[PDB]
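Here the structure is laid out as C-alpha cells; the discussion comes afterwards.
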There are 2 protein chains.
Amino acid sequence: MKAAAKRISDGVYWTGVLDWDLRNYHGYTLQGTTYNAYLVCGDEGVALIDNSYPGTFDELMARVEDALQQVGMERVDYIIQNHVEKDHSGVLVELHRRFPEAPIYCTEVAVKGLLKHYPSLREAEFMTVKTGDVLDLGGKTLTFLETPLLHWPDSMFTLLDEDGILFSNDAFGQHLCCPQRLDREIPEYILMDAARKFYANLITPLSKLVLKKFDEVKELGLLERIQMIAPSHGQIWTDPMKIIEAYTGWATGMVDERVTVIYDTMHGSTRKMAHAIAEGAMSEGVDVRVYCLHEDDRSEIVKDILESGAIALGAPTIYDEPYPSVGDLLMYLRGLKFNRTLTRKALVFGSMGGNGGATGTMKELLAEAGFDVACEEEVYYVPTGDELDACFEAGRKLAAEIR
Amino acid sequence: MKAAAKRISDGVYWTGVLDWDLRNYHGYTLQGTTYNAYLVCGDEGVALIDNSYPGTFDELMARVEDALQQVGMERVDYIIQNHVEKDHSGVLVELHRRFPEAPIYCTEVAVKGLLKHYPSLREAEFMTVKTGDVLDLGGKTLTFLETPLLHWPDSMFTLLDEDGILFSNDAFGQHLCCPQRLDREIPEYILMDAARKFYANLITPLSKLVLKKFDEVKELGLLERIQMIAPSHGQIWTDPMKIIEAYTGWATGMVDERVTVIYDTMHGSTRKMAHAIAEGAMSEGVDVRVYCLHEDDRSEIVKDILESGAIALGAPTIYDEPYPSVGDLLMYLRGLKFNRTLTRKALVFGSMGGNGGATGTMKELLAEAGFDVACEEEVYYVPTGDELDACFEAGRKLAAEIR
Ligand SMILES: Cc1cc2nc3c(=O)[nH]c(=O)nc-3n(C[C@H](O)[C@H](O)[C@H](O)COP(=O)(O)O)c2cc1C
Ligand SMILES: Cc1cc2nc3c(=O)[nH]c(=O)nc-3n(C[C@H](O)[C@H](O)[C@H](O)COP(=O)(O)O)c2cc1C
Ligand SMILES: [Fe+3]
Ligand SMILES: [Fe+3]
Ligand SMILES: [Fe+3]
Ligand SMILES: [Fe+3]
C-alpha cells in the first residue's frame with residue numbers, strides 16, 4: 001500500500017493514520033480525526049512513538065516503511081507506548097509480530113493496561129520507565145516524564161532533547177483530519193476551536209493537575225527546550241506557546257463575557273422562556289449562545305460552557321422531574337467539574353402544569369456539578385407578557401453579574 | 001375541504017384528525033398518531049367531546065360538519081374538554097369563535113389551565129363540572145367523572161350509560177395513525193404493543209391511581225355495562241375488556257419471564273459484558289431484550305421494562321461517573337416509578353480502567369428509581385474469558401430469580 005511519511009525534523013517522521021470518516025468518537029462529535037504516531041531515527045536505532053486504531057496497521061506500516069526508506073534504516077528497534085487507550089495501542093500486537101526484537105517502553109501501570117487489552121503480549125519484552133529515564137538512540141535521546149491522570153493513570157510524555165519535540169499523547173490534541181500536518185497550515189479558528197473542544201471534554205477535570213504539571217515541567221527546566229508539541233490527535237504545534245497559553249487560560253477559568261442558554265421543551269413554553277432569557281442577556285452587550293438538548297450534542301454544549309461565565313438550564317416538568325434529556329448533560333457535567341477552573345453562575349428555569357419540581361432537581365444537580373445557582377424562573381404553562389418580561393430581567397441580571 | 005366523519009354508534013361519530021407525519025411526541029417515538037374528537041348528538045342538543053393540535057381546525061371542522069349533515073343537526077351546542085393539553089385543546093379558540101353560543105364543559109381545575117393557555121377565552125362561558133354531573137342532550141345523557149392525576153390534574157372522563165360508551169381521553173390510548181378506526185380492524189400485535197408503550201411511558205407512575213379508579217367506577221355501578229372505550233388517541237376499543245384486563249395486569253405487575261439488558265459502551269468492553277449477561281439469561285429459557293443507549297429510544301426501552309421482571313444496566317466509567325447517557329434513562333425511570341407495580345430485580349455492570357465508580361452510582365440511582373439492586377459485575381478494561389464466564393453466571397442467576 002502507498003502512503004507517505006511526513007518529515008517534521010531531522011530523523012523525526014510523522015507516521016500516523018488519517019481517519020476521514022469518524023463522526024462520533026464515544027459521545028464526542030467530530031469531522032474525522034487522526035491517530036498520530038511518530039518515528040524517531042538516531043544513529044544506532046529507531047523508536048516508534050505510539051501507533052493507531054485497530055485495523056489501521058497497513059496504513060501505519062506503509063508510512064513507517066516510507067520513513068525507514070528515507071533515513072536508510074532497516075527496522076523499528078523500540079516501541080514506545082505513551083498511553084494504553086485503543087486508538088493509540090490498537091496495532092501494538094501487529095507491530096510486535098512485525099518487529100519481534102523490539103522492546104515495548106511504557107510506565108509500570110501501562111503494562112497491566114496493555115496485558116489486559118492484548119493478552120497475546122504475554123512474552124513481549126517490556127521496559128518499565130519513570131520520570132527522568134532516558135532512551136539513547138545515538139545522537140538522539142528520549143526522556144520520559146510520567147503524567148498520571150493526564151489523561152489516564154497509565155500515561156506519560158516523551159521528550160526528545162535535540163529536536164525539542166514534546167510527544168504529549170492526548171494532551172494538546174485536537175480532533176481534526178486535514179491533509180496538512182502542522183498548526184500554521186490550517187485556519188486558526190478551526191485549529192483553536194477544535195483544541196478548545198478537546199479541552200472542554202477531556203481536560204476540564206484535570207485542570208489543577210494541568211497547572212501543577214506546568215510547574216514541574218518548569219522546575220525540571222524543560223519548557224525552555226520545547227520547540228515543538230506533537231500530540232496523538234490532530235495538528236503538530238510549531239508554536240508550542242500558543243497552546244500552552246490557551247491551556248493555562250482554560251485551566252484558570254479566564255473567559256470573555258458570555259452566557260450559554262441550554263433547554264429542552266415538549267410544548268414550547270420553556271423555549272419561549274429561553275428566548276426571553278437570551279434577549280435579556282443580549283441587552284447587556286454580552287455574548288449569548290442558545291442550545292436545545294433535543295438537537296444539540298453535549299460535547300458542543302460543553303465547549304461553550306468552558307468559555308462562559310454563566311449558564312441558564314431550562315426544562316419542563318414531567319411526573320415531578322425534569323425532562324429526562326437534562327439528566328444526560330448534568331451527569332456529564334458532574335464528571336467534568338467546571339468548578340475546578342471557575343464556579344460559573346447558573347439560572348434554572350422551566351414551565352410546569354401542577355406541583356412542578358424540575359427547577360428543584362436541576363438546582364441540586366447543578367450544585368453537585370459545581371455551579372452556583374441563584375434564582376429560578378418557574379412558569380405555570382404558557383408564560384404571559386409579564387412573565388416573559390421576568391425572564392428577560394433574569395437573563396439581564398445573570399449577564400450583568402458576569403460583566 | 002373534504003374529510004368525512006365516522007359513525008361509531010347511533011348519534012356518535014369520530015371527528016378527529018389523522019396525524020400521519022408525527023414521529024416524535026415529546027421524547028415518545030411513533031409512526032403517526034390521531035387526535036380523536038367525538039360528536040355526540042341527542043334529540044335536543046349536540047356535544048363535541050375534545051378537539052385537536054393547533055392549526056388542524058379545517059380538518060376537524062370538516063368532519064364535524066359531515067357528522068352534522070349526516071345526523072341532521074344545525075351546529076355544536078356544547079364544547080367538552082376532558083384534558084387541557086394542547087393536542088386536545090389546540091383548536092378550542094376556533095371552536096368558541098365558530099360556535100359563540102356553545103358553553104365549554106370542563107372541571108374546576110381545567111378552567112385555570114385553559115385560561116392560561118388561551119387568554120382569549122376570558123370572555124367565554126364556562127360550565128364547571130364535577131363527578132356525578134350530567135349533561136342532558138334529549139334521550140342521550142353524558143355523565144362526567146373526574147380523574148385527577150390520571151393523566152393530568154385537570155383530567156376527566158365523559159360517559160354514555162344507556163349506550164355504555166366511555167370517553168376516556170388519554171386513558172387506554174395508543175399512538176397509531178390508521179385509516180381504520182376500531183381496534184378490531186387492525187393486527188392485535190400492533191394494537192397491543194402500541195397500548196403497551198403508551199401505558200409504560202404515560203400511565204406507569206399513575207398505576208395505583210388506576211386501580212382505585214377502577215374500584216370507584218365499580219362502587220358507583222357504571223362499568224358492568226361497558227360496550228366501548230373511546231380514547232383521544234388511536235383505535236376505538238370495541239372489545240373494552242381486553243384493554244381493561246391488560247391495564248389491570250400492567251398496574252399490578254403481572255409479566256411473563258423476561259430480562260431486559262441495557263448498556264452503553266465506548267470501546268466495546270461493556271458490550272461484551274452485556275452480551276454475556278444476555279447469554280446467561282437465555283440459558284434459563286427466559287425471554288431477553290438487549291438495548292444500547294447510543295441507538296435506542298427511552299420510550300422503547302421502558303415499554304420492555306414494563307413487561308420485564310428483571311433488568312441489567314451497564315456502562316463504562318468516565319471521570320468517576322457512568323457514561324452520561326445513563327443519566328437520561330435513570331432520570332426518566334425516576335419519574336415513571338415502576339415500583340408502584342413491581343419492585344423489579346436489577347443487575348449493574350460495566351468495564352473501567354482505574355478506580356471505577358459507575359456501577360456504585362447506578363446501583364444507588366436504580367434503587368432510587370424503585371428497583372431492587374444487589375450485585376455488580378465490574379471488570380478492569382477488556383474482560384478475560386473467566387470474567388465473561390462470571391458475567392454469564394450473573395445473567396443466569398438474575399434470570400433464575402424471576403422464574
Ligand atoms: C408527560 C406529562 C407529564 C407531566 N407531569 C407534570 C407534573 O408531574 N407536574 C407538573 O407541574 N407538570 C407536569 N406536566 C405538565 C407540563 O410540565 C406543562 O405542560 C409544561 O408547561 C410544559 O412546558 P413546555 O411547553 O416547555 O414543554 C406534565 C406534562 C406531560 C406531557
Ligand atoms: C474519557 C475517558 C475518561 C475515563 N475516566 C475514567 C475514570 O474516571 N475512572 C475509571 O475507572 N475509568 C475511566 N475511564 C476508562 C474506562 O472506564 C475504560 O477504558 C473502560 O474499559 C471502557 O469500557 P467500554 O469498553 O465498554 O467503553 C475513562 C475513559 C475515557 C476514554
Ligand atoms: Fe486517551
Ligand atoms: Fe487519544
Ligand atoms: Fe395528555
Ligand atoms: Fe393526548
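Just so we're on the same page: first chain in the C-alpha cells is A, next is B, and so on; residues restart at 1 for each chain, and ligands are numbered from 1 in the order they show up.
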
Cut-off 10 Å, only C-alpha atoms and all ligand atoms, neighbours of ligand 3 as an MDAnalysis selection string: chainID A and resid 82:88 150:152 154:155 169:171 173 202 232:233

For the selection you just gave me, I'd like the residues written to a file as a short mmCIF file (atom, residue, chain, number, x, y, z; two decimals), in the first residue's frame, keeping N, CA and C atoms.
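again-v5.cif, written as the output of this step:
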```
data_model
loop_
_atom_site.label_atom_id
_atom_site.label_comp_id
_atom_site.auth_asym_id
_atom_site.auth_seq_id
_atom_site.Cartn_x
_atom_site.Cartn_y
_atom_site.Cartn_z
N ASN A 82 3.10 5.71 24.97
CA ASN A 82 2.80 6.83 25.87
C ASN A 82 1.56 6.49 26.70
N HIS A 83 0.61 5.83 26.04
CA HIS A 83 -0.77 5.69 26.50
C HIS A 83 -1.39 4.37 26.00
N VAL A 84 -2.29 3.79 26.79
CA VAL A 84 -2.86 2.45 26.55
C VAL A 84 -4.18 2.42 25.79
N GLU A 85 -4.85 3.57 25.70
CA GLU A 85 -6.15 3.63 25.04
C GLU A 85 -6.09 3.02 23.62
N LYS A 86 -7.17 2.33 23.26
CA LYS A 86 -7.37 1.61 22.00
C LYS A 86 -6.87 2.32 20.73
N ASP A 87 -7.07 3.63 20.66
CA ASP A 87 -6.76 4.36 19.43
C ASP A 87 -5.28 4.65 19.24
N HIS A 88 -4.49 4.41 20.28
CA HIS A 88 -3.04 4.61 20.21
C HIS A 88 -2.25 3.33 20.40
N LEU A 150 -3.37 12.47 33.24
CA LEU A 150 -3.35 13.42 32.10
C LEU A 150 -3.09 12.71 30.75
N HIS A 151 -4.10 12.00 30.22
CA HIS A 151 -5.44 11.97 30.81
C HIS A 151 -5.85 10.66 31.50
N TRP A 152 -4.94 9.68 31.52
CA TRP A 152 -5.15 8.38 32.19
C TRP A 152 -3.99 8.02 33.16
N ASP A 154 -2.10 5.61 33.30
CA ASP A 154 -1.03 4.88 32.61
C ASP A 154 -0.10 5.78 31.77
N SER A 155 -0.51 7.04 31.57
CA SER A 155 0.07 7.89 30.53
C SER A 155 1.38 8.61 30.90
N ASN A 169 1.07 12.69 23.94
CA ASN A 169 -0.15 11.89 23.77
C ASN A 169 -1.41 12.74 23.57
N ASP A 170 -2.47 12.46 24.32
CA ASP A 170 -3.75 13.16 24.17
C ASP A 170 -3.61 14.66 24.43
N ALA A 171 -2.80 15.03 25.43
CA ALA A 171 -2.59 16.45 25.79
C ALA A 171 -2.25 17.36 24.60
N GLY A 173 -3.91 17.75 22.10
CA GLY A 173 -4.52 17.15 20.90
C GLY A 173 -5.74 17.94 20.42
N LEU A 202 -12.26 16.83 27.77
CA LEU A 202 -11.29 15.82 28.20
C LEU A 202 -10.33 16.31 29.29
N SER A 232 -1.13 13.15 19.91
CA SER A 232 -1.58 11.94 19.21
C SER A 232 -2.87 12.16 18.41
N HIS A 233 -3.43 13.36 18.48
CA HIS A 233 -4.57 13.70 17.63
C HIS A 233 -4.37 15.08 17.03
#
```

Would you give me, as a Markdown table, each residue of chain B having an atom within 6 Å of an atom of chain A, along with its shortest atom pair and that distance in Å to one decimal, using only C-alpha atoms and sorting by chain and residue number?
```
| residue | atom | partner | partner_atom | distance |
| --- | --- | --- | --- | --- |
| B:26 | CA | A:266 | CA | 4.8 |
| B:117 | CA | A:382 | CA | 5.7 |
| B:266 | CA | A:26 | CA | 4.9 |
| B:319 | CA | A:335 | CA | 5.0 |
| B:321 | CA | A:335 | CA | 5.8 |
| B:324 | CA | A:328 | CA | 5.0 |
| B:325 | CA | A:328 | CA | 5.2 |
| B:327 | CA | A:327 | CA | 4.7 |
| B:328 | CA | A:327 | CA | 4.4 |
| B:331 | CA | A:324 | CA | 5.4 |
| B:332 | CA | A:324 | CA | 5.1 |
| B:335 | CA | A:319 | CA | 5.2 |
| B:382 | CA | A:117 | CA | 5.4 |
```

Residues near residue 292 in chain A, cut-off 7 Å, only C-alpha atoms, skip fewer than 2 positions along chain, as a ChimeraX atom specification: /A:262-264,290,294-296

I need the residues from that last selection saved to file as a PDB file, in the first residue's frame (with N, CA, C and O atoms), if you can.
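Output file part_9.pdb follows:
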```pdb
ATOM      1  N   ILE A 262     -29.181  26.801  27.642  1.00  0.00           N
ATOM      2  CA  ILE A 262     -29.458  25.385  27.321  1.00  0.00           C
ATOM      3  C   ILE A 262     -30.869  25.024  27.817  1.00  0.00           C
ATOM      4  O   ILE A 262     -31.237  25.354  28.951  1.00  0.00           O
ATOM      5  N   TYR A 263     -31.666  24.369  26.975  1.00  0.00           N
ATOM      6  CA  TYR A 263     -33.024  23.964  27.364  1.00  0.00           C
ATOM      7  C   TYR A 263     -33.551  22.772  26.560  1.00  0.00           C
ATOM      8  O   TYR A 263     -33.068  22.461  25.471  1.00  0.00           O
ATOM      9  N   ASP A 264     -34.558  22.108  27.117  1.00  0.00           N
ATOM     10  CA  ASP A 264     -35.461  21.280  26.321  1.00  0.00           C
ATOM     11  C   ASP A 264     -36.907  21.717  26.544  1.00  0.00           C
ATOM     12  O   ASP A 264     -37.193  22.499  27.465  1.00  0.00           O
ATOM     13  N   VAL A 290     -27.391  29.864  22.415  1.00  0.00           N
ATOM     14  CA  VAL A 290     -28.554  29.073  22.789  1.00  0.00           C
ATOM     15  C   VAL A 290     -28.467  27.665  22.240  1.00  0.00           C
ATOM     16  O   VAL A 290     -28.258  27.460  21.046  1.00  0.00           O
ATOM     17  N   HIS A 294     -32.796  18.774  22.555  1.00  0.00           N
ATOM     18  CA  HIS A 294     -33.386  17.840  21.588  1.00  0.00           C
ATOM     19  C   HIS A 294     -32.480  17.688  20.360  1.00  0.00           C
ATOM     20  O   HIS A 294     -32.376  16.602  19.790  1.00  0.00           O
ATOM     21  N   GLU A 295     -31.785  18.769  20.008  1.00  0.00           N
ATOM     22  CA  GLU A 295     -30.966  18.849  18.793  1.00  0.00           C
ATOM     23  C   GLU A 295     -29.458  18.680  19.022  1.00  0.00           C
ATOM     24  O   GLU A 295     -28.797  17.948  18.292  1.00  0.00           O
ATOM     25  N   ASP A 296     -28.936  19.358  20.045  1.00  0.00           N
ATOM     26  CA  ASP A 296     -27.513  19.668  20.156  1.00  0.00           C
ATOM     27  C   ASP A 296     -26.743  18.702  21.043  1.00  0.00           C
ATOM     28  O   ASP A 296     -27.213  18.345  22.123  1.00  0.00           O
TER      29      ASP A 296
END
```

Need the shell around residue 166 in chain A: protein/DNA/RNA residues with any atom at most 8 Å away, counting only C-alpha atoms. Skip same-chain ones fewer than 3 positions apart. Format as a tab-separated table (two decimals) with N, CA and C atoms, in the first residue's frame?
```
chain	number	residue	atom	x	y	z
A	157	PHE	N	4.50	11.64	28.88
A	157	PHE	CA	5.04	12.36	27.74
A	157	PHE	C	6.43	11.80	27.46
A	158	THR	N	6.81	11.73	26.19
A	158	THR	CA	8.20	11.52	25.80
A	158	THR	C	8.77	12.84	25.28
A	159	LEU	N	10.01	13.14	25.67
A	159	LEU	CA	10.70	14.33	25.22
A	159	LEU	C	12.01	13.97	24.52
A	160	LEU	N	12.20	14.59	23.36
A	160	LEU	CA	13.39	14.40	22.54
A	160	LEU	C	14.22	15.69	22.60
A	226	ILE	N	11.42	23.31	24.81
A	226	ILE	CA	10.28	22.86	23.98
A	226	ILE	C	10.01	23.77	22.78
A	227	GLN	N	10.34	23.25	21.60
A	227	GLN	CA	10.26	23.98	20.34
A	227	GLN	C	9.11	23.50	19.46
A	228	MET	N	8.60	22.31	19.75
A	228	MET	CA	7.50	21.68	19.00
A	228	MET	C	6.70	20.77	19.94
A	229	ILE	N	5.38	20.75	19.77
A	229	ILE	CA	4.48	19.85	20.53
A	229	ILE	C	3.70	18.92	19.59
A	230	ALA	N	3.91	17.62	19.75
A	230	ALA	CA	3.36	16.64	18.82
A	230	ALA	C	2.38	15.70	19.51
```

Between CA of residue 46 in chain A and CA of residue 34 in chain A - distance in Å to one decimal: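 It comes out at 22.3 Å.
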
DSSP-assigned strand (DSSP E or B) members of range 281-322 of chain A, reported as a PyMOL selection string: chain A and resi 287-292+310-314+317-318+321-322

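Candidate residues B:175, B:7, B:218, B:363 were compared for distance to ligand 5, and the nearest is B:175, using only C-alpha atoms and all ligand atoms.
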
Quick one: residues within 6 Å of residue 310 in chain A, only C-alpha atoms, excluding same-chain residues fewer than 5 positions away - as an mmCIF file with N, CA, C and O atoms, in the first residue's frame?
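out.cif, written as the output of this step:
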```cif
data_model
loop_
_atom_site.group_PDB
_atom_site.id
_atom_site.type_symbol
_atom_site.label_atom_id
_atom_site.label_comp_id
_atom_site.auth_asym_id
_atom_site.auth_seq_id
_atom_site.Cartn_x
_atom_site.Cartn_y
_atom_site.Cartn_z
ATOM 1 N N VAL A 259 -22.856 34.181 28.152
ATOM 2 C CA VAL A 259 -23.898 33.349 28.750
ATOM 3 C C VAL A 259 -24.337 32.245 27.774
ATOM 4 O O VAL A 259 -24.712 32.524 26.635
ATOM 5 N N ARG A 344 -19.121 28.714 37.911
ATOM 6 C CA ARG A 344 -19.902 29.534 36.998
ATOM 7 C C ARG A 344 -21.287 29.763 37.589
ATOM 8 O O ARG A 344 -21.756 28.976 38.387
ATOM 9 N N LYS A 345 -21.913 30.879 37.246
ATOM 10 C CA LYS A 345 -23.254 31.192 37.745
ATOM 11 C C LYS A 345 -24.247 30.418 36.895
ATOM 12 O O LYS A 345 -23.913 29.999 35.784
ATOM 13 N N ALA A 346 -25.447 30.199 37.414
ATOM 14 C CA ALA A 346 -26.452 29.398 36.693
ATOM 15 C C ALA A 346 -27.856 29.920 37.010
ATOM 16 O O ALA A 346 -28.191 30.206 38.175
#
```

Alpha helix (DSSP H) per DSSP on the backbone: members of range 155-372 of chain B, as a PyMOL selection string: chain B and resi 188-198+207-219+240-252+269-282+298-306+325-336+358-368

Contacts of range 387-400 of chain B at 6 Å (only C-alpha atoms; same-chain gap of 5+ positions) as a PyMOL selection string: chain B and resi 276-277+280-281

I need the chosen residues saved as an mmCIF file, in the first residue's frame, with N, CA and C atoms.
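Done, and the output landed in out34.cif:
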```cif
data_model
loop_
_atom_site.group_PDB
_atom_site.id
_atom_site.type_symbol
_atom_site.label_atom_id
_atom_site.label_comp_id
_atom_site.auth_asym_id
_atom_site.auth_seq_id
_atom_site.Cartn_x
_atom_site.Cartn_y
_atom_site.Cartn_z
ATOM 1 N N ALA B 276 -22.833 -11.285 27.308
ATOM 2 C CA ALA B 276 -22.626 -12.467 28.166
ATOM 3 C C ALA B 276 -23.733 -12.571 29.225
ATOM 4 N N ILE B 277 -24.086 -11.444 29.849
ATOM 5 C CA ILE B 277 -25.264 -11.392 30.731
ATOM 6 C C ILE B 277 -26.510 -11.933 30.031
ATOM 7 N N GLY B 280 -26.466 -15.664 29.544
ATOM 8 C CA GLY B 280 -26.749 -16.315 30.824
ATOM 9 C C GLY B 280 -28.240 -16.351 31.096
ATOM 10 N N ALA B 281 -28.913 -15.225 30.854
ATOM 11 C CA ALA B 281 -30.374 -15.155 30.974
ATOM 12 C C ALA B 281 -31.053 -16.158 30.030
#
```

Separation of CA of residue 350 in chain B from CA of residue 314 in chain B, in Å and rounded to one decimal: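 Result for CA of residue 350 in chain B versus CA of residue 314 in chain B: 4.9 Å, one decimal.
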